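[1] This one's experimental. Sequence and coordinates below.
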Amino acid sequence: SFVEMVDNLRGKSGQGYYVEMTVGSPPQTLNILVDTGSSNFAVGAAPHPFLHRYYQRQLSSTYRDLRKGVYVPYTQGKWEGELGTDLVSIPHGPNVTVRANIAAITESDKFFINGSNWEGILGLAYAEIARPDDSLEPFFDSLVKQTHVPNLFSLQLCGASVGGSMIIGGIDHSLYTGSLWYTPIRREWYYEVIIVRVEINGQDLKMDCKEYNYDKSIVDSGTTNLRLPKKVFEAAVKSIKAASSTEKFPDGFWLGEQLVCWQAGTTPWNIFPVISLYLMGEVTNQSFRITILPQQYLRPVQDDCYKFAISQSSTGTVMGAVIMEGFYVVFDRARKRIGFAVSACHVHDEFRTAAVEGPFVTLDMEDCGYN
Ligand SMILES: CCCN(CCC)C(=O)c1cc(C(N)=O)cc(C(=O)N[C@@H](Cc2cc(F)cc(F)c2)[C@H](O)CNCc2cccc(OC)c2)c1
């Protein structure tokens, strides 16, 4: 826990959350995107149309070239660069300084975002998915090994300019209400989890639960939307369409292409269903659920306009930012588990509320994992 880290994240809707950090000596301040969906720490190290500032190795007395190139291909985009090590600090984070690996970005493609206000990315996931390979120690591992910071961190992402908190080294009890519910981290590469059941407005989607994790399911703060496998995505859109059949929307809408609008303050929230994702518990045949409100998957962009924040995937389920926003998420690396709880900055609806509830009985949860 720590009071100094409570409101240390900012960003703008759909553009990711970022925390401030400093690299080098003397300290070079840079806004770094918080990403539990990758494992590389990378910062702009050369001009780019979208970068307001960038890491200048030359000006840091502590830089150290590792003399190795590097590139990382995300679903979204990619960047290329040169590996090295330098001293890093998080102003509004723990009170420590560590020498970590740093990918100085020299070239990028569809990575940086115009007006995002961040110039680097902090992959908080495990070594196994780090580039060039799992020998390039990710930041958090370095932090844990060099300092006493406990091997744990939590994220409180709040919707709307946007903000939230990244509690390094623990859990801050003033950021959530109710009980925390844990789901096992299936394997230490991405923050993989297993979804055992899915319901829309109470109705079980009735799909073989292997489909829910077809390929895999991960907790990705570096992705905006809720990303579902083809078969699942189709099932939901069909279910969500019917629920809101009272009104009609262009196909481009359900495809995330064109937004929809309503006379300011008249958004028909009630016609959009809640989605319940049931996760594997810590005990035998036990699980729990987190419920998302349409206020979470209908991202805001005169009138009130929104984008359908649920898109299909070819790489498994992705519990993105919009899914994390309603809750306080705990990445308990030490106990290989992820905890969920109603956030202090939860979404609102006079007649409905996002939640984390348990316990539930769910037989054969192991069969839900894909192989
Ligand atoms: C956060 C800003 C919001 N953006 C920004 C662009 C509009 C999104 O909404 C978005 C949409 C999509 C999509 N439409 O599918 C994909 C990504 C994405 O790829 N994010 C990674 C971090 C990242 C943020 C960034 F802003 C730009 C960027 F290029 C990448 C993340 O790490 C992916 N983890 C899974 C993984 C897959 C393959 C390879 C891996 O290797 C480790 C990991 C982000």
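    It's in. Numbers count the residues shown, from 1 in each chain.
[2] Bridge partners for the residue lying closest to residue 40 once chain neighbours are set aside, pull those for me.
    Spatial nearest neighbour of residue 40, chain neighbours left out: residue 123 (4.5 Å); criterion: C-beta to C-beta, 6 or more residues apart in numbering. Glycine gets a C-beta too; all of them are placed from N, C-alpha and C. Counting by DSSP bridges, residue 123 is bridged to residue 35.
[3] For burial, what's the neighbour tally of residue 123?
    Residue crowding around residue 123 was assessed by other C-beta atoms under 10 Å; the count is 25.
[4] how far out from the middle of the chain is the helix or strand hosting residue 307?
    Following DSSP states H and E, the helix or strand that holds residue 307 is strand 304-308. Mean-position distance between strand 304-308 and its chain equals 20 Å (C-alpha atoms, centre = their mean, to the nearest Å).
[5] same deal with stretch 317-332?
    Stretch 317-332 has its C-alpha centroid displaced from the chain centroid by 6 Å (C-alpha atoms, centre = their mean).
[6] And it, end to end?
    By C-alpha to C-alpha, to the nearest Å, the extent of stretch 317-332 from end to end equals 21 Å.
[7] For residue 241, give me the backbone phi and psi.
    With angles defined as degrees, to the nearest 10, residue 241 shows backbone torsions of phi -60, psi -50.
[8] Touching, it and residue 254? I think so.
    Yes. Shown here, residue 241 and residue 254 form a contact pair, counting by C-beta atoms under 8 Å, at 7.0 Å.
[9] For those two, work out which one has more neighbours and name it.
    Using other C-beta under 10 Å, the more surrounded residue of residue 241 and residue 254 is residue 254, with 18 against 12.
[10] what does the stretch 101-250 of the chain put close to the ligand?
    When proximity is defined as C-beta under 6 Å from any ligand atom, the stretch 101-250 of the chain approaches the ligand at 111, 113, 129, 220, 222-225.
[11] Among those residues, which one lies nearest to residue 61?
    Minimum distance to residue 61 across these is 28.3 Å, recorded for residue 111 (C-beta to C-beta).
[12] residues touching the closest residue to that closest one other than its chain neighbours, list them.
    Leaving aside its sequence neighbours, residue 111 sits nearest to residue 77 (C-beta to C-beta, 6+ apart; 4.2 Å). Neighbouring residues of residue 77 by C-beta atoms under 8 Å, 6 or more residues apart in numbering: 108-111.
[13] make it 10 Å
    Residue 77 is in contact with 108-113, counting by C-beta atoms under 10 Å, 6 or more residues apart in numbering.
[14] ok, now residue 10?
    16-20, 31, 117-118, 161-164.
[15] again, only this time at 8 Å
    Residue 10 makes contact with 17-18, 31, 117, 161-163 under the criterion C-beta under 8 Å, 6+ apart.
[16] Residue 347 now?
    Counted by C-beta under 8 Å, 6+ apart, residue 347 has contacts 159, 293, 295-296, 325-326, 353-354.
[17] same check, this time on residue 3
    Applying C-beta under 8 Å, 6+ apart to residue 3 gives no contacts.
[18] backbone phi and psi for it, please?
    Taking degrees, to the nearest 10, you get phi -70, psi -30 for the backbone angles of residue 3.
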